[PDB]
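> Input file: model_36.tsv. Contents: TSV, C-alpha atoms and all ligand atoms.
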chain	number	residue	atom	x	y	z
L	2	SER	CA	264.38	274.74	197.81
L	3	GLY	CA	266.08	273.02	194.89
L	4	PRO	CA	269.19	270.80	195.00
L	5	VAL	CA	272.59	272.32	195.78
L	6	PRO	CA	274.69	272.67	192.60
L	7	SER	CA	277.96	270.80	192.05
L	8	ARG	CA	281.18	271.15	190.07
L	9	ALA	CA	283.94	268.66	189.23
L	10	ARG	CA	287.07	268.84	191.39
L	11	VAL	CA	289.19	268.35	188.29
L	12	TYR	CA	288.92	269.02	184.53
L	13	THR	CA	286.06	271.38	185.30
L	14	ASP	CA	286.33	273.84	182.40
L	15	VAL	CA	288.32	271.87	179.81
L	16	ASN	CA	285.47	271.84	177.27
L	17	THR	CA	284.87	275.59	177.54
L	18	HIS	CA	288.48	276.28	176.56
L	19	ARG	CA	288.18	274.11	173.46
L	20	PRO	CA	286.66	275.16	170.11
L	21	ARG	CA	282.86	274.85	169.90
L	22	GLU	CA	283.05	272.04	167.34
L	23	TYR	CA	284.92	269.87	169.85
L	24	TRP	CA	281.87	269.37	172.07
L	25	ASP	CA	279.00	270.71	169.96
L	26	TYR	CA	278.55	267.30	168.34
L	27	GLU	CA	275.15	268.04	166.78
L	28	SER	CA	276.83	270.10	164.06
L	29	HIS	CA	279.38	267.39	163.28
L	30	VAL	CA	279.33	266.16	159.69
L	31	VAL	CA	279.65	262.39	159.26
L	32	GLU	CA	281.26	260.78	156.21
L	33	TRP	CA	279.73	257.32	155.73
L	34	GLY	CA	281.81	254.61	154.10
L	35	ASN	CA	280.59	251.45	152.39
L	36	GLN	CA	279.86	248.33	154.45
L	37	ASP	CA	280.76	246.27	151.36
L	38	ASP	CA	284.38	246.99	152.30
L	39	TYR	CA	283.83	244.61	155.21
L	40	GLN	CA	282.68	241.00	155.23
L	41	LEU	CA	281.04	239.76	158.41
L	42	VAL	CA	282.62	236.54	159.65
L	43	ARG	CA	280.63	235.72	162.78
L	44	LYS	CA	278.40	237.24	165.47
L	45	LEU	CA	280.27	238.16	168.65
L	46	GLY	CA	277.09	238.81	170.63
L	47	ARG	CA	273.80	240.67	170.75
L	48	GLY	CA	274.69	243.98	172.39
L	49	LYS	CA	272.50	246.37	174.36
L	50	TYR	CA	271.72	248.69	171.45
L	51	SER	CA	273.60	246.93	168.66
L	52	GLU	CA	274.55	243.71	166.88
L	53	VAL	CA	278.27	243.03	167.13
L	54	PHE	CA	280.12	241.11	164.42
L	55	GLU	CA	283.67	240.03	163.79
L	56	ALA	CA	284.60	241.02	160.25
L	57	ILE	CA	287.51	241.29	157.85
L	58	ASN	CA	288.56	244.29	155.77
L	59	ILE	CA	288.69	242.89	152.24
L	60	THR	CA	290.97	245.77	151.23
L	61	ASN	CA	293.99	244.95	153.41
L	62	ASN	CA	292.76	241.60	154.76
L	63	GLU	CA	292.71	242.68	158.41
L	64	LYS	CA	290.32	241.57	161.15
L	65	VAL	CA	287.91	244.17	162.53
L	66	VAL	CA	284.81	244.40	164.70
L	67	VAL	CA	281.63	245.74	163.13
L	68	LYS	CA	279.06	247.21	165.50
L	69	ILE	CA	275.76	247.60	163.67
L	70	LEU	CA	273.88	250.35	165.51
L	71	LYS	CA	270.29	249.76	166.59
L	72	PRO	CA	267.90	252.62	165.67
L	73	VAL	CA	268.60	255.54	168.00
L	74	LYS	CA	268.46	259.34	167.61
L	75	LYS	CA	270.98	260.60	165.03
L	76	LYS	CA	272.07	263.07	167.70
L	77	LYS	CA	273.26	260.22	169.95
L	78	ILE	CA	275.06	258.53	167.05
L	79	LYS	CA	276.94	261.74	166.26
L	80	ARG	CA	277.77	261.99	169.95
L	81	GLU	CA	279.37	258.54	170.13
L	82	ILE	CA	281.31	259.15	166.91
L	83	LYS	CA	282.57	262.60	167.90
L	84	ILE	CA	283.64	261.29	171.31
L	85	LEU	CA	285.39	258.33	169.67
L	86	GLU	CA	287.19	260.64	167.24
L	87	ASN	CA	288.21	263.04	170.03
L	88	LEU	CA	289.72	260.19	172.08
L	89	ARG	CA	291.44	258.26	169.28
L	90	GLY	CA	295.10	257.61	170.02
L	91	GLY	CA	294.42	257.80	173.74
L	92	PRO	CA	295.77	255.21	176.21
L	93	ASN	CA	293.65	252.04	176.42
L	94	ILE	CA	290.85	253.68	174.42
L	95	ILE	CA	289.22	251.61	171.67
L	96	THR	CA	290.08	252.79	168.15
L	97	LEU	CA	287.30	253.69	165.72
L	98	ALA	CA	288.53	252.36	162.39
L	99	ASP	CA	285.64	253.38	160.14
L	100	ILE	CA	282.00	254.49	159.93
L	101	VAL	CA	279.74	252.82	157.36
L	102	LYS	CA	276.17	252.22	156.23
L	103	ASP	CA	274.81	249.05	154.65
L	104	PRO	CA	274.19	249.78	150.94
L	105	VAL	CA	270.63	248.42	151.23
L	106	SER	CA	269.28	248.85	154.76
L	107	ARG	CA	271.16	252.16	155.12
L	108	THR	CA	271.73	251.19	158.77
L	109	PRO	CA	274.62	252.96	160.56
L	110	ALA	CA	277.54	250.76	161.62
L	111	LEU	CA	280.71	251.47	163.58
L	112	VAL	CA	283.94	249.65	162.75
L	113	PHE	CA	286.48	249.09	165.54
L	114	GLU	CA	289.95	247.64	165.93
L	115	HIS	CA	289.94	243.98	166.92
L	116	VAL	CA	290.76	242.75	170.42
L	117	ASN	CA	291.34	239.11	171.34
L	118	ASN	CA	289.01	239.33	174.33
L	119	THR	CA	288.38	236.80	177.06
L	120	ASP	CA	285.06	237.29	178.87
L	121	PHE	CA	285.35	238.26	182.53
L	122	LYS	CA	283.18	235.26	183.43
L	123	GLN	CA	286.19	233.14	182.47
L	124	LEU	CA	289.06	235.58	183.00
L	125	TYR	CA	288.43	237.24	186.37
L	126	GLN	CA	288.33	233.88	188.17
L	127	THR	CA	291.94	233.31	187.10
L	128	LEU	CA	293.46	236.73	187.81
L	129	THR	CA	296.17	237.09	190.44
L	130	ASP	CA	296.55	239.96	192.91
L	131	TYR	CA	298.98	241.60	190.50
L	132	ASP	CA	296.70	241.07	187.50
L	133	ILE	CA	293.94	243.04	189.20
L	134	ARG	CA	296.28	245.89	190.11
L	135	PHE	CA	297.72	245.91	186.59
L	136	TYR	CA	294.41	245.95	184.72
L	137	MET	CA	292.88	248.41	187.17
L	138	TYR	CA	295.80	250.70	186.35
L	139	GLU	CA	295.14	250.31	182.62
L	140	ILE	CA	291.49	251.33	183.03
L	141	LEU	CA	292.57	254.32	185.10
L	142	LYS	CA	294.85	255.39	182.24
L	143	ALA	CA	291.77	255.36	180.02
L	144	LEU	CA	289.52	257.08	182.54
L	145	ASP	CA	292.05	259.79	183.37
L	146	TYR	CA	292.49	260.52	179.67
L	147	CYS	CA	288.82	260.76	178.71
L	148	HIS	CA	288.10	262.79	181.85
L	149	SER	CA	290.96	265.12	180.92
L	150	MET	CA	289.39	265.32	177.46
L	151	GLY	CA	286.17	266.50	179.12
L	152	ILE	CA	284.30	263.23	178.72
L	153	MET	CA	282.39	261.01	181.13
L	154	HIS	CA	282.04	257.37	180.06
L	155	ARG	CA	278.95	256.78	182.22
L	156	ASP	CA	278.88	253.03	181.54
L	157	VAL	CA	281.97	251.53	183.18
L	158	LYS	CA	281.49	247.79	183.70
L	159	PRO	CA	283.40	244.54	182.96
L	160	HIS	CA	281.42	243.97	179.75
L	161	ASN	CA	282.78	247.28	178.43
L	162	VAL	CA	286.41	246.35	179.12
L	163	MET	CA	288.06	244.15	176.49
L	164	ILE	CA	291.15	242.38	177.79
L	165	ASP	CA	293.77	240.59	175.72
L	166	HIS	CA	295.38	238.72	178.61
L	167	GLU	CA	297.96	237.04	176.37
L	168	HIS	CA	299.33	240.43	175.32
L	169	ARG	CA	298.23	242.11	178.56
L	170	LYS	CA	296.48	244.88	176.64
L	171	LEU	CA	293.23	246.53	177.69
L	172	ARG	CA	290.61	248.51	175.79
L	173	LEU	CA	287.70	250.53	177.17
L	174	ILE	CA	284.81	250.15	174.72
L	175	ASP	CA	281.15	251.12	174.17
L	176	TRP	CA	281.07	254.91	174.34
L	177	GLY	CA	277.41	255.14	173.37
L	178	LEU	CA	276.43	256.53	176.77
L	179	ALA	CA	279.44	258.82	177.04
L	180	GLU	CA	278.82	262.56	177.28
L	181	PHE	CA	280.80	265.81	177.37
L	182	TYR	CA	281.06	267.33	180.84
L	183	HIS	CA	279.94	270.94	181.20
L	184	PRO	CA	279.88	272.69	184.60
L	185	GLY	CA	276.31	273.30	185.69
L	186	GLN	CA	274.69	270.93	183.22
L	187	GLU	CA	272.06	268.58	184.60
L	188	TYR	CA	272.45	265.16	183.05
L	189	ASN	CA	270.16	262.18	182.64
L	190	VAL	CA	270.42	259.88	185.65
L	191	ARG	CA	269.19	256.92	183.63
L	192	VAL	CA	272.66	255.83	182.50
L	193	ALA	CA	275.09	252.98	183.30
L	194	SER	CA	274.05	249.48	184.35
L	195	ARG	CA	272.04	248.90	187.53
L	196	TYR	CA	274.79	247.16	189.54
L	197	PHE	CA	277.23	249.94	188.63
L	198	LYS	CA	274.98	252.99	188.99
L	199	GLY	CA	276.39	255.60	191.34
L	200	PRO	CA	274.28	256.79	194.31
L	201	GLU	CA	273.76	260.14	192.55
L	202	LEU	CA	271.88	258.30	189.80
L	203	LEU	CA	269.80	256.33	192.29
L	204	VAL	CA	268.66	259.41	194.22
L	205	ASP	CA	268.21	261.35	190.96
L	206	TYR	CA	270.92	263.99	191.36
L	207	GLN	CA	271.47	265.31	187.85
L	208	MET	CA	274.52	267.56	188.24
L	209	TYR	CA	277.17	264.84	188.34
L	210	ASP	CA	280.58	264.56	186.67
L	211	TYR	CA	283.55	262.29	185.93
L	212	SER	CA	283.42	260.93	189.49
L	213	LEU	CA	280.49	258.77	188.36
L	214	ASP	CA	282.94	256.50	186.53
L	215	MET	CA	285.02	256.17	189.70
L	216	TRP	CA	282.09	254.65	191.56
L	217	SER	CA	281.57	252.12	188.77
L	218	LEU	CA	285.28	251.34	188.97
L	219	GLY	CA	284.84	250.76	192.69
L	220	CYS	CA	281.99	248.31	192.10
L	221	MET	CA	284.23	246.46	189.67
L	222	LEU	CA	287.18	246.38	192.05
L	223	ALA	CA	284.99	245.12	194.89
L	224	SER	CA	283.58	242.29	192.78
L	225	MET	CA	287.09	241.24	191.74
L	226	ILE	CA	289.00	241.22	195.05
L	227	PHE	CA	286.07	239.77	197.01
L	228	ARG	CA	285.01	237.45	194.19
L	229	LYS	CA	281.39	238.52	194.56
L	230	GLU	CA	279.72	239.39	191.26
L	231	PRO	CA	278.03	241.73	191.38
L	232	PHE	CA	278.97	243.33	194.70
L	233	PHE	CA	275.82	245.43	195.11
L	234	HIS	CA	273.13	242.97	194.02
L	235	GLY	CA	269.89	244.98	193.85
L	236	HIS	CA	266.69	243.79	192.15
L	237	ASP	CA	265.75	247.31	191.01
L	238	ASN	CA	267.06	250.88	191.11
L	239	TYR	CA	265.53	251.47	194.53
L	240	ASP	CA	266.75	248.21	196.08
L	241	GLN	CA	270.17	248.93	194.59
L	242	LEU	CA	270.51	251.87	196.96
L	243	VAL	CA	269.39	249.62	199.81
L	244	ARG	CA	272.10	247.11	198.89
L	245	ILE	CA	274.65	249.93	198.97
L	246	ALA	CA	273.27	251.36	202.22
L	247	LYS	CA	273.67	247.96	203.87
L	248	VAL	CA	277.40	248.27	203.19
L	249	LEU	CA	278.30	251.97	203.33
L	250	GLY	CA	275.76	252.62	206.10
L	251	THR	CA	272.74	254.93	206.15
L	252	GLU	CA	274.38	257.73	208.14
L	253	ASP	CA	276.69	258.87	205.34
L	254	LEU	CA	273.80	258.40	202.92
L	255	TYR	CA	271.46	260.84	204.66
L	256	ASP	CA	274.32	263.28	205.26
L	257	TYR	CA	274.95	263.11	201.52
L	258	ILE	CA	271.27	263.84	200.89
L	259	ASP	CA	271.34	266.76	203.33
L	260	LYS	CA	274.52	268.25	201.85
L	261	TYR	CA	273.09	268.61	198.35
L	262	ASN	CA	269.51	269.14	199.56
L	263	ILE	CA	268.34	266.14	197.54
L	264	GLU	CA	264.60	265.51	197.51
L	265	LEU	CA	264.45	261.79	198.18
L	266	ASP	CA	261.79	259.69	196.46
L	267	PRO	CA	258.93	258.90	198.89
L	268	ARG	CA	259.48	255.19	198.16
L	269	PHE	CA	262.99	255.20	199.66
L	270	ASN	CA	262.03	256.22	203.20
L	271	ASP	CA	260.66	252.82	204.24
L	272	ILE	CA	263.01	250.45	202.41
L	273	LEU	CA	266.26	252.18	203.41
L	274	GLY	CA	265.83	251.97	207.18
L	275	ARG	CA	268.89	252.22	209.41
L	276	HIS	CA	272.18	250.44	208.71
L	277	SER	CA	275.72	250.70	210.06
L	278	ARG	CA	278.83	251.13	207.91
L	279	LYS	CA	280.33	247.66	207.59
L	280	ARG	CA	284.05	246.89	207.81
L	281	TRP	CA	285.58	245.36	204.69
L	282	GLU	CA	286.95	242.39	206.65
L	283	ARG	CA	283.36	241.12	206.76
L	284	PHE	CA	283.58	240.37	203.03
L	285	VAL	CA	287.00	238.77	203.33
L	286	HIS	CA	287.00	234.99	203.58
L	287	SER	CA	289.04	231.89	202.74
L	288	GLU	CA	288.68	232.07	198.95
L	289	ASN	CA	289.42	235.76	198.40
L	290	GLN	CA	292.02	236.66	201.04
L	291	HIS	CA	294.87	236.29	198.54
L	292	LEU	CA	293.43	239.24	196.60
L	293	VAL	CA	292.60	241.38	199.63
L	294	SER	CA	295.25	243.60	201.20
L	295	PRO	CA	295.24	246.64	203.50
L	296	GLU	CA	296.19	248.79	200.49
L	297	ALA	CA	293.40	247.33	198.35
L	298	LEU	CA	290.81	248.00	201.05
L	299	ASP	CA	292.12	251.54	201.51
L	300	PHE	CA	291.96	252.18	197.76
L	301	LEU	CA	288.51	250.61	197.44
L	302	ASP	CA	287.24	252.62	200.40
L	303	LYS	CA	288.19	255.88	198.69
L	304	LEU	CA	286.33	254.95	195.49
L	305	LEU	CA	283.03	253.93	197.05
L	306	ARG	CA	281.65	257.17	198.49
L	307	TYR	CA	278.13	258.59	198.32
L	308	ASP	CA	279.52	262.10	197.95
L	309	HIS	CA	280.91	262.13	194.42
L	310	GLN	CA	283.13	265.09	195.30
L	311	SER	CA	284.89	262.98	197.93
L	312	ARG	CA	285.78	260.09	195.62
L	313	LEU	CA	289.30	259.80	194.24
L	314	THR	CA	290.03	261.25	190.84
L	315	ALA	CA	291.51	258.90	188.27
L	316	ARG	CA	294.94	260.50	188.65
L	317	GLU	CA	294.76	260.36	192.44
L	318	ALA	CA	293.84	256.68	192.15
L	319	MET	CA	296.87	255.97	189.96
L	320	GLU	CA	299.08	257.46	192.68
L	321	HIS	CA	297.76	255.08	195.33
L	322	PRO	CA	300.12	252.60	197.09
L	323	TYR	CA	297.94	249.82	195.66
L	324	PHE	CA	299.69	250.43	192.31
L	325	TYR	CA	303.25	251.03	193.57
L	326	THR	CA	304.59	247.73	192.21
L	327	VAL	CA	302.80	248.20	188.88
L	328	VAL	CA	304.23	251.68	188.35
L	329	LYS	CA	307.73	250.45	189.18
L	330	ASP	CA	307.57	247.58	186.67
L	331	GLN	CA	306.41	249.95	183.92
L	332	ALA	CA	309.83	251.62	183.99
L	401	LIG	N1	277.21	235.93	180.63
L	401	LIG	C1	277.30	235.03	179.58
L	401	LIG	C2	278.39	235.24	178.58
L	401	LIG	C3	278.05	235.95	177.31
L	401	LIG	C4	278.32	237.50	177.23
L	401	LIG	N2	279.44	237.93	176.48
L	401	LIG	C5	279.65	239.20	175.97
L	401	LIG	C6	280.96	239.15	175.27
L	401	LIG	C7	281.70	240.32	174.50
L	401	LIG	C8	281.56	240.42	173.04
L	401	LIG	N3	282.29	241.58	172.40
L	401	LIG	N4	283.49	241.54	172.02
L	401	LIG	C9	283.84	242.79	171.49
L	401	LIG	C10	285.07	243.36	170.90
L	401	LIG	BR1	286.57	242.28	170.76
L	401	LIG	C11	285.09	244.66	170.47
L	401	LIG	BR2	286.69	245.46	169.67
L	401	LIG	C12	283.94	245.45	170.59
L	401	LIG	BR3	283.96	247.27	169.99
L	401	LIG	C13	282.69	244.88	171.20
L	401	LIG	BR4	281.06	245.98	171.38
L	401	LIG	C14	282.66	243.60	171.62
L	401	LIG	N5	281.74	242.79	172.19
L	401	LIG	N6	281.40	237.80	175.44
L	401	LIG	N7	280.53	237.15	176.12
L	402	CL	CL	289.28	261.99	187.26
Write the structure described by the file as C-alpha cells, please.

Amino acid sequence: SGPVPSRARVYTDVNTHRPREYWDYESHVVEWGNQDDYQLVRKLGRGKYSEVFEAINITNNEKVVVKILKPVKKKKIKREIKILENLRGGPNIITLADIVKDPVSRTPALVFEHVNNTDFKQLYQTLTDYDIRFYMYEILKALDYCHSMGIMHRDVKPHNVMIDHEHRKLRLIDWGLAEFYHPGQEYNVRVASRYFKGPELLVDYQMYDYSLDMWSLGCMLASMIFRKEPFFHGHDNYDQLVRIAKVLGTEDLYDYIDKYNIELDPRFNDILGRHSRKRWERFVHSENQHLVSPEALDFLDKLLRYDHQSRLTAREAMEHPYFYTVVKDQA
C-alpha cells in the first residue's frame, strides 16, 4: 500500500490553466547579457550555491547585486530565471534586473535590484511586537502572490528575507529551490534548510504543496516572538522531527502518518518515543513576553501543523486578528 495522494487546498490548478511555456521552463530561451556592464564593488557573502557581490551598473551608475551562480544543471538555472520572470512586479518579490555571463569564464550570473539589508542576527533582536506583525504581513504578501502564481518557494528562512528597516521594505529572495506546483506531482523532499524543513520533508512525503512555505513561516515566527533561534534545533534530519515532536506531541504525528499511509523510516521508531503536545506558555518567559500575545499564539498554532492540509493558507493568515492593526494602518 503506497502513500495516500494529496492536493493543495488553494491554487490547485492554476498552472494547468496557463500556457505551457509558463511552467515548462526547460524550453525557455535565455538571452545572456555581458557582465562587463557591471563592476563588482565588494563581496556580500559566500552563498549556498553562489558568490554574491554588490556591483554598480556602469551604464546608468546604479547599485545592483550580482549573484554568480555555482555550477548546477542548466535546467535548474532556467527554472530559477523563469520563476523570477513570472513573479517580477509582484509584492515584496525580488526583482531580476539582468542575466549575464562573464566574457571569459562564461559563468552564469544573476543581477538583482539592491536592498539595504540588515542581517536578522542584528535586526530581529531589536524588532517590536508591531515590527514582527508588519514584516510577517509583508512576507505573506509575497507568499500569497507566488502561491497564486503556482509557485512554491521551498526555502523560506530569515536569510532569504532582505529587510530595509529604514524604509520598512521587504524582499523575498533566493528562488533557486522554487518550483512550479502541479497536482499529483511528487517532489524532492531534500529542499529548504534543516531547521525550517516541514514534517512532510522529514518523513519523506513527496506530494506536498504551497503549505510547505507556511510551516517555514511558522518556524520563523516562533523564533522571533520567543527569541529562540532556531526554534526546532535538531542535529540532523531525523532529530529535527524529534525536536518538533517534543513540541507538537507524538499523537498528532502518528495520526498524520496514518492519514497519508506514510511508510516511516525504521530509524524513527526508537528516537521519536512518546511526547505530549506542549502549551505555548511554556516557551514564554521574562524576556519575550512583550512579543507574545494570545493572538500571536493562536496564529502560530495554526501554522505549525503536521498535516499540511490543515495549515493556514497565506491569504487566511493575512486575515488573522494578529494583523488587524497592520491592515488598518495600511489604509
Ligand atoms: N551568521 C553570521 C552572519 C553572516 C551571514 N550573513 C548573510 C548576509 C546576507 C547577504 N546578502 N545580501 C543580499 C542582497 Br541585499 C540581495 Br538583493 C541578494 Br539577491 C542576496 Br543573495 C543577498 N545576500 N549577511 N550576513
Ligand atoms: Cl497559500
> With all atoms listed in the file as the basis for distance, which of L:249, L:41, L:225, L:203 is at the shortest distance from residue 264 (chain L)?
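When distances to residue 264 (chain L) are compared using all atoms listed in the file, the smallest one comes from L:203.
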> Could the residues of region 192-220 of chain L that have an atom at most 12 Å from region 226-229 of chain L be listed as a Markdown table, each with its closest atom pair and the distance in Å to one decimal, counting only C-alpha atoms and ordered by chain and ascending residue number?

| residue | atom | partner | partner_atom | distance |
| --- | --- | --- | --- | --- |
| L:196 | CA | L:229 | CA | 12.0 |
| L:219 | CA | L:226 | CA | 10.7 |
| L:220 | CA | L:229 | CA | 10.1 |
> What lies within 9 Å of residue 83 (chain L) using all atoms listed in the file, ignoring chain neighbours under 4 positions off, as a list in words?
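In the requested format, the answer is residues 23, 24, 26, 29, 78, 79, 87 and 88 of chain L.
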> Could you check the closest approach to ligand CL 402 (chain L) for each of L:191, L:154, L:80, L:89 and tell me which residue wins, using only C-alpha atoms and all ligand atoms?
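Of the candidates, the smallest distance to ligand CL 402 (chain L) is held by L:154.
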> Kindly provide, as a PyMOL selection string, all nucleotide and amino acid residues lying within 10 Å of ligand LIG 401 (chain L), counting all atoms listed in the file.
chain L and resi 44-55+65-69+95-97+111-123+159-165+172-176
> Would you mind putting back N, CA, C and O atoms on region 92-107 of chain L, then writing it out as a CSV table (one decimal), in the frame of the given file?

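Saved result, result29.csv, follows:
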chain,number,residue,atom,x,y,z
L,92,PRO,N,295.4,256.4,175.5
L,92,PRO,CA,295.8,255.2,176.2
L,92,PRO,C,294.6,254.3,176.6
L,92,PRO,O,293.7,254.7,177.3
L,93,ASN,N,294.7,253.1,176.1
L,93,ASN,CA,293.6,252.0,176.4
L,93,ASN,C,292.2,252.4,176.0
L,93,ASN,O,291.3,251.9,176.5
L,94,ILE,N,292.1,253.3,175.0
L,94,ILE,CA,290.8,253.7,174.4
L,94,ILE,C,290.7,252.9,173.1
L,94,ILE,O,291.6,252.9,172.3
L,95,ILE,N,289.5,252.3,172.9
L,95,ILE,CA,289.2,251.6,171.7
L,95,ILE,C,289.3,252.5,170.5
L,95,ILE,O,289.0,253.7,170.5
L,96,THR,N,289.8,252.0,169.3
L,96,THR,CA,290.1,252.8,168.2
L,96,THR,C,289.0,252.6,167.1
L,96,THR,O,288.7,251.5,166.6
L,97,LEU,N,288.3,253.7,166.8
L,97,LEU,CA,287.3,253.7,165.7
L,97,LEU,C,288.0,253.7,164.4
L,97,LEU,O,288.6,254.7,163.9
L,98,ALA,N,287.9,252.6,163.7
L,98,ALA,CA,288.5,252.4,162.4
L,98,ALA,C,287.8,253.0,161.2
L,98,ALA,O,288.4,253.5,160.3
L,99,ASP,N,286.4,252.9,161.2
L,99,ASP,CA,285.6,253.4,160.1
L,99,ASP,C,284.2,253.6,160.6
L,99,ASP,O,283.8,253.1,161.6
L,100,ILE,N,283.4,254.2,159.7
L,100,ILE,CA,282.0,254.5,159.9
L,100,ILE,C,281.3,254.2,158.6
L,100,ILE,O,281.5,254.9,157.6
L,101,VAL,N,280.4,253.2,158.6
L,101,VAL,CA,279.7,252.8,157.4
L,101,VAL,C,278.2,252.6,157.5
L,101,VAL,O,277.7,252.5,158.6
L,102,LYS,N,277.6,252.6,156.3
L,102,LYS,CA,276.2,252.2,156.2
L,102,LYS,C,276.1,251.0,155.3
L,102,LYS,O,276.8,250.9,154.4
L,103,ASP,N,275.1,250.1,155.6
L,103,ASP,CA,274.8,249.0,154.6
L,103,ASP,C,274.2,249.6,153.4
L,103,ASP,O,273.3,250.5,153.5
L,104,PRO,N,274.7,249.2,152.2
L,104,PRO,CA,274.2,249.8,150.9
L,104,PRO,C,272.7,249.6,150.7
L,104,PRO,O,272.1,250.4,149.9
L,105,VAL,N,272.1,248.7,151.4
L,105,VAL,CA,270.6,248.4,151.2
L,105,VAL,C,269.8,249.0,152.4
L,105,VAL,O,269.0,249.9,152.2
L,106,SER,N,270.1,248.5,153.6
L,106,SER,CA,269.3,248.8,154.8
L,106,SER,C,269.6,250.3,155.2
L,106,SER,O,268.8,250.9,156.0
L,107,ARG,N,270.7,250.8,154.8
L,107,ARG,CA,271.2,252.2,155.1
L,107,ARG,C,271.3,252.3,156.6
L,107,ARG,O,271.2,253.4,157.2
